Amino acid sequence: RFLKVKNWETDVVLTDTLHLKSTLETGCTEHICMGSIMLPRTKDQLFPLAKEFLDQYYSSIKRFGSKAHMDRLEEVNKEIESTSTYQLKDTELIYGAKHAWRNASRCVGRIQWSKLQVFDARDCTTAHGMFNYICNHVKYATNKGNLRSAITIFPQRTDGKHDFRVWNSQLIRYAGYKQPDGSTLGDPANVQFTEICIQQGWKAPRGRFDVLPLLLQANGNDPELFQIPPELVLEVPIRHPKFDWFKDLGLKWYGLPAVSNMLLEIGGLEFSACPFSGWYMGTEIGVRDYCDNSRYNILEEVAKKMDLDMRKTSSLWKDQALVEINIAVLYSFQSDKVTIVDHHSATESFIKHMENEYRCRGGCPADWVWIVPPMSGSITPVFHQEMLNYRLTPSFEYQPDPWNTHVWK
Amino acid sequence: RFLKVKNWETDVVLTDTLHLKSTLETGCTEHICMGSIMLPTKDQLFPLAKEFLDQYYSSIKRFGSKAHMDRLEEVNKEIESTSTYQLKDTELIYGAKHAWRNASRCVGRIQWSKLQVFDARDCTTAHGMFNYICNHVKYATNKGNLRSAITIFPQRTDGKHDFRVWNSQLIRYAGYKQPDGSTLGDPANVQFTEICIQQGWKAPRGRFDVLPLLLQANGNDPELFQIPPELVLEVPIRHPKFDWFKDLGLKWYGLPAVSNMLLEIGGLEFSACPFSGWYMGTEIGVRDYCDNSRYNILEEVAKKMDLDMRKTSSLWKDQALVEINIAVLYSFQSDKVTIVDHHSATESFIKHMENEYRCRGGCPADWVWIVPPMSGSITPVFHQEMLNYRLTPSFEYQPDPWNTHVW
Ligand code: HEM
Ligand code: HEM
Ligand SMILES: C[C@H](O)[C@H](O)[C@H]1CNc2nc(N)[nH]c(=O)c2N1
Ligand SMILES: C[C@H](O)[C@H](O)[C@H]1CNc2nc(N)[nH]c(=O)c2N1
Ligand SMILES: CCCNC(=[NH2+])NCCC[C@H](N)C(=O)O
Ligand SMILES: CCCNC(=[NH2+])NCCC[C@H](N)C(=O)O
Ligand SMILES: [Zn+2]
């Protein structure tokens with residue numbers, strides 16, 4: 001079955017066949033679309049998942065059906081029946097990690113998928129060990145501002161009782177503290193985690209931009225706290241090109257975005273601790289982190305300084321202030337020489353990547369709801385692009401926050 | 001099953017049961033989501049009619065009454081005899097209002113119950129259609145104080161006597177292909193603008209020429225008509241700060257009025273059912289004015305603002321976008337023509353959603369279409385999870401007539 005996708009701004013039509021290889025469910029039914037919903041083993045099911053993966057791997061290197069291909073399948077089968085699981089070769093791990101990124105339908109930066117530094121941390125055994133691995137990842141990825149995509153992969157899940165987990169949602173993130181008056185100091189998004197850190201012993205400096213400590217869980221044991229070496233945490237003071245009063249807002253952000261709470265599934269194997277990092281698209285900070293009502297919420301303060309007509313929404317003061325803030329984020333990062341991409345460039349690149357993928361791969365799963373930027377949506381090419389969302393493995397998946405499932409010792 | 005929807009900004013959770021009454025398909029499957037795709041017999045009729053009549057009588061608190069039963073029997077006998085049936089005026093009004101209520105892509109449904117319905121089922125000719133349409137335009141325009149309305153022409157019979165309004169909207173600007181290879185006016189109407197010429201219209205070759213109505217009655221060939229200029233309310237666009245804006249020479253019409261859709265009620269199909277409301281600022285300022293395939297005016301406006309268009313990261317397109325939309329709203333409001341900004345419209349929709357969920361058990365909504373084309377996340381709907389599904393009565397898309405008409 002072939003599926004057509006049209007770009008209503010260029011009339012360019014593409015054909016998707018890749019979806020024929022999607023195995024997982026999407027959440028939608030022939031009677032209801034849950035496209036905007038944020039989030040809708042056993043010896044038996046493992047080998048098939050292993051085989052599917054290995055066939056994909058060997059096909060990619062043009063060795064499908066080869067003796068090397070058949071021995072690997074036999075080797076893995078034996079291993080699974082013998083140990084109930086199996087270990088991936090280094091090459092398969094790298095291939096797996098890259099494709100999980102390549103298959104992430106909500107990622108607009110996938111044009112960079114083939115360029116990913118994979119750090120094999122499967123020999124790690126303790127939380128201190130995890131900390132060392134993570135520091136090395138942050139330093140390598142940061143590269144003094146010239147950001148490089150990378151991922152660190154800790155030991156896969158076994159009985160589900162010895163999981164490795166990074167309790168932080170991002171390796172680097174600011175603390176949030178709820179005040180008794182109901183207000184919040186810092187980043188609202190991280191209040192609950194900040195509370196856990198404090199409870200675990202963290203001495204919170206209680207400021208507006210406190211880099212959180214790492215809470216690391218190794219081999220199913222209780223998590224431990226670690227402070228990332230300040231010299232390893234690159235930050236950018238936010239100022240505006242024309243508004244000299246902007247800097248006085250006291251804003252800044254970290255340069256390295258590093259998601260650390262997702263699960264990496266490769267050939268049936270589950271890697272519960274797999275922090276990965278890339279670089280920021282300006283709107284993530286400028287629009288969401290700074291202007292979401294439930295985040296820093298700086299629109300008013302910025303608006304006032306600009307002396308905009310805040311009496312009636314129709315003046316579009318919120319929109320005006322929104323643009324200036326995003327100009328400030330991009331300007332500051334560029335001036336400090338810290339990698340970043342604006343939404344115009346990022347979306348234009350995604351379209352080229354997406355078209356390339358259709359011709360070489362026969363498809364490119366994409367989540368329109370997530371691909372389209374949170375500002376100036378229709379002036380970016382993705383808004384006008386029809387997309388097809390479906391799930392391919394390997395892949396990155398969500399998993400419940402560890403504090404909701406961890407059995408304390 | 002009972003599905004839940006959460007707003008990630010207020011944490012409010014709503015439970016949806018209304019979806020369990022969905023009938024048509026969505027185009028999606030367990031393996032693939034097509035949420036962003038623009039467009040994914042007597043034995044057949046009575047079931048549909050029954051479904052409709054049941055909801056109608058239920059809405060008037062007479063479910064299972066004799067009147068309910070009698071009506072169901074009358075229609076049943078009418079279908080078996082005439083292979084179709086006619087709706088009572090009350091059922092027609094209820095149907096139209098509910099087709100609007102069920103339009104998952106409409107952000108202004110909080111206004112659903114306030115719809116003036118004009119019964120034009122007694123119409124027989126294109127001239128009659130013109131008369132009905134002018135009356136509709138005049139009533140809805142209300143000198144700038146816009147009022148929602150729909151005019152319903154005769155329902156489809158054998159498919160060979162369908163009434164159709166060939167225009168996509170009652171009021172729209174023409175588009176012509178020039179020698180340069182460029183396009184003059186609105187590129188979106190190039191094809192229609194040609195069929196008008198190919199039919200007789202004498203195009204003024206302007207940047208904003210109000211297109212002539214092309215009306216089709218009883219399957220006959222469409223006829224042209226010029227909407228009395230005095231009935232077409234237009235707004236010149238100026239900025240409340242950049243006095244150079246007026247020089248762009250831009251203007252837009254105040255009455256948005258979709259005319260190419262199909263209204264389906266109790267199985268019956270109304271191929272010509274033009275309806276109107278009022279504009280949300282972004283529709284004109286973001287989409288019609290800035291879309292690359294439309295008037296595509298960003299660069300021009302950018303220049304006059306003298307901003308660095310050298311690098312995309314200066315966000316000149318974004319800065320220029322806001323101002324263009326500030327102007328549209330400013331103009332309309334100055335001329336006292338009804339119009340709503342995306343902030344206000346989305347806030348209303350959220351309220352409507354909450355009302356619908358507690359009174360109806362849900363509200364089908366298409367997130368992709370509900371979220372404005374600019375400043376998406378600073379509007380509440382962005383943070384609102386939505387469930388999309390099809391309910392009848394409904395407004396459906398239909399093939400352009402020029403691709404199906406047998407001259
Ligand atoms: C080169 C820099 C990259 C850019 C500019 C980029 C940009 C983005 C953005 C803007 C999002 C949506 C984020 C949000 O709204 O919170 C996203 C999501 C995602 N990206 Fe990328 N990305 C990059 C690199 C990567 C890398 C290296 C990986 C994996 C190895 C990756 C995996 C994903 C995944 C799995 C998601 C969805 C996660 C979720 O659902 O929250 N991205 N990316
Ligand atoms: C009172 C003011 C109203 C507002 C502000 C409003 C606004 C909107 C907007 C912004 C859209 C999407 C427009 C686009 O992007 O092309 C829309 C779509 C829609 N509206 Fe409303 N609407 C209003 C009244 C009405 C009325 C009176 C009806 C029906 C009688 C209605 C039926 C629909 C339908 C069926 C769609 C989807 C059409 C499509 O698929 O292209 N709307 N509305
Ligand atoms: C409810 C809705 O799904 C939610 O607000 C989504 C919309 N699109 C998004 N897109 C991106 N990139 N990131 C997000 O967090 C979201 N949130
Ligand atoms: C491809 C994509 O479906 C298309 O560009 C949609 C997106 N959302 C939209 N939303 C509204 N209101 N109107 C539109 O025309 C569109 N176009
Ligand atoms: C970790 C891979 C890079 N992905 C990315 N750019 N963004 C996703 C996480 C960043 C998050 N939106 C934030 O503002 O903090
Ligand atoms: C016809 C009812 C009102 N519907 C509405 N506001 N918009 C839909 C059609 C208008 C179209 N988006 C435009 O900019 O021209
Ligand atoms: Zn779907």
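In the text below, chain A, chain B and the rest are named by the order of the sequence lines, each starting its count at 1. The basis for the numbers below is simple: all heavy atoms, side chains too, and nothing from hydrogens, waters or symmetry mates.
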Applying side chain to side chain contact (heavy atoms under 4.5 Å, CB included), run through B:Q216 and B:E223 and close with a yes or a no.
-> CA-CA 7 Å; B:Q216 172 184 311; B:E223 292 180 45; over 6 Å; no
Pair B:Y176-B:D209, side chain to side chain donor-acceptor pair (under 3.5 Å): steps then yes or no | CA-CA 10 Å; B:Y176 325 79; B:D209 309 331; 2.6 Å; yes
For B:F349 and B:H352, run side chain to side chain contact (heavy atoms under 4.5 Å, CB included): C-alpha distance rounded to whole Å, both residues' side-chain angles, the deciding distance at 0.1 Å, then the answer.
-> CA-CA 5 Å; B:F349 185 72; B:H352 170 69; 4.2 Å; yes
What do the steps show when you test B:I297 against B:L248 for side chain to side chain contact (heavy atoms under 4.5 Å, CB included), and what is the final call?
-> CA-CA 9 Å; B:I297 70 172; B:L248 289 140; 5.5 Å; no
Evaluate salt bridge (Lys or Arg N to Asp or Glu O under 4.0 Å) for A:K4 paired with A:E386, printing each intermediate quantity in order.
-> CA-CA 9 Å; A:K4 295 291 189 302; A:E386 295 189 318; over 6 Å; no
Full working for side chain to side chain donor-acceptor pair (under 3.5 Å) between B:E234 and B:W252 = CA-CA 6 Å; B:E234 295 183 291; B:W252 204 257; over 6 Å; no
Checking side chain to side chain contact (heavy atoms under 4.5 Å, CB included) for the pair A:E9/B:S293: CA distance, chi angles, key distance, verdict?
-> CA-CA 6 Å; A:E9 186 169 64; B:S293 292; 3.7 Å; yes
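In this structure, A:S36 contributes its side chain and B:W367 its backbone to no donor-acceptor pair below 3.5 Å. Remark: side-chain polar atoms of B:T29 are paired, donor with acceptor, to backbone N or O of B:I32 under 3.5 angstrom. The closest donor-acceptor contact from the side chain of B:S348 to the backbone of B:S344 lies under 3.5 Å. B:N102 places a side-chain N or O within 3.5 Å of a backbone atom of B:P393 that can act as its donor or acceptor partner. B:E283 contributes a side-chain N or O that, together with a main-chain N or O of B:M280, makes up a donor-acceptor pair within less than 3.5 Å. A distance-only check finds a donor-acceptor pair linking the side chain of B:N167 to the backbone of B:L214 [under 3.5 Å]. A distance-only check finds no donor-acceptor pair linking the side chain of B:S394 to the backbone of B:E396 [under 3.5 Å]. Between the side chain of B:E78 and the backbone N or O of B:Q86, at least one donor-acceptor pair lies under 3.5 Å. Checking side-chain atoms of B:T404 against main-chain N and O of B:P401 turns up no donor-acceptor pair under 3.5 Å. A distance-only check finds no donor-acceptor pair linking the side chain of B:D335 to the backbone of B:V337 [under 3.5 Å].
B:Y132 has its ring centre no less than 6.0 Å from the ring centre of B:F163. A distance of 6.0 Å or more separates the ring centres of B:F46 and B:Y85. Between B:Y94 and B:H98, the gap from one ring centroid to the other is short of 6.0 Å. Ring-centre distance between B:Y253 and B:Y173: below the 6.0 Å cut-off. Taking the six-membered ring for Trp, B:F275 and B:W100 have ring centres at least 6.0 Å apart.
Contact detail for B:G285 and B:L321: the closest heavy-atom pair is O-CD1, 4.0 Å. Minimum heavy-atom separation, B:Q398 to B:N260: NE2-O, 2.8 Å. Contact record, B:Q44 with B:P47: O-CD, 3.1 Å, taken as the closest heavy-atom pair. Between B:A149 and B:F118, the shortest heavy-atom distance links the atoms CB-CE1, 3.9 Å. Between B:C123 and B:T125, the shortest heavy-atom distance links the atoms SG-O, 3.6 Å.
Two residues are said to be in side-chain contact when any heavy atoms from C-beta on lie closer than 4.5 Å; B:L92 and B:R121 meet this criterion. Contact annotation: the side chain of B:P212 never approaches that of B:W166 to less than 4.5 Å [non-hydrogen atoms, C-beta and beyond]. Counting only heavy atoms from C-beta outward, the side chains of B:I197 and B:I195 never approach each other to under 4.5 Å. Using a 4.5 Å heavy-atom threshold, the side chains of B:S331 and B:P236 count as separate. Within the 4.5 Å cutoff, side-chain heavy atoms of B:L262 are placed close to those of B:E264. When side chains are defined from C-beta on, B:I237 counts as touching B:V235, because their heavy atoms get closer than 4.5 Å. Between A:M387 and A:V5 the shortest side-chain heavy-atom distance does not fall below 4.5 Å. Within the 4.5 Å cutoff, the side chain of B:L255 has no heavy atoms near those of the B:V232 side chain.
Distance check: A:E30 CD to B:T26 OG1 gives 8.0 Å after rounding to the nearest 0.5 Å. Between the OG1 atom in B:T193 and the NZ atom in B:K177 there is a gap of 9.5 Å [rounded to 0.5 Å]. Atom CG in A:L14 sits 6.0 Å away from atom CD in A:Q385 (nearest 0.5 Å). Between atom CZ of residue B:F270 and atom OG1 of residue B:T151 there is a gap of 13.0 Å, rounded to the nearest 0.5 Å. Interatomic distance, A:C33 SG to B:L387 CG, rounded to the nearest 0.5 Å: 9.0 Å. Distance check, rounded to the nearest 0.5 Å: CD1 of B:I133 to CD1 of B:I227 gives 7.5 Å.
A salt bridge is defined here as a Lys NZ or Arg NE, NH1 or NH2 lying under 4.0 Å from an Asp or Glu carboxylate O, and B:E299 with B:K317 fails to meet this definition. Remark: B:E91 engages B:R71 in a salt bridge, criterion side-chain N to carboxylate O under 4.0 Å.
Judged by distance alone, the side chains of B:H136 and B:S276 do bring a donor and an acceptor atom under 3.5 Å apart. B:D54 and B:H68 are linked by a side-chain donor-acceptor pair at a separation below 3.5 angstrom, with hydrogens and angles left out of the test. A:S105 and A:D367 share no side-chain donor-acceptor pair at under 3.5 Å.
Using a 30° and 60° split on the angle between ring planes, B:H405 and B:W407 fall in the perpendicular class, above 60°.
Within 6.0 Å of NZ on B:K42 lie more than 12 heavy atoms contributed by other residues, nucleotides or ligands. More than 12 heavy atoms of other residues, nucleotides or ligands shown are found within 6.0 angstrom of CD on B:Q55. The number of heavy-atom neighbours closer than 6.0 Å to NZ of B:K97, taken from other residues, nucleotides and ligands shown, is above 12. In this structure, B:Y397 places its OH atom where more than 12 heavy-atom neighbours from other residues, nucleotides or ligands lie under 6.0 Å away. Remark: B:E74 CD is packed, more than 12 non-hydrogen atoms of other residues, nucleotides or ligands lying under 6.0 Å away. Atom CD of B:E80 has 12 or fewer neighbouring heavy atoms from other residues, nucleotides or ligands inside a 6.0 Å radius. Around atom NZ of B:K50, no more than 12 heavy atoms belonging to other residues, nucleotides or ligands sit under 6.0 Å away.
Taking the centre and axis of the six-membered ring of B:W112, the NZ or CZ atom of B:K114 falls outside the cone set by 45° and 6.0 Å.
Under the side-chain contact (heavy atoms from CB on, under 4.5 Å) test applied with B:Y289, the options B:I324, B:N296, B:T282 reduce to a single match, B:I324.
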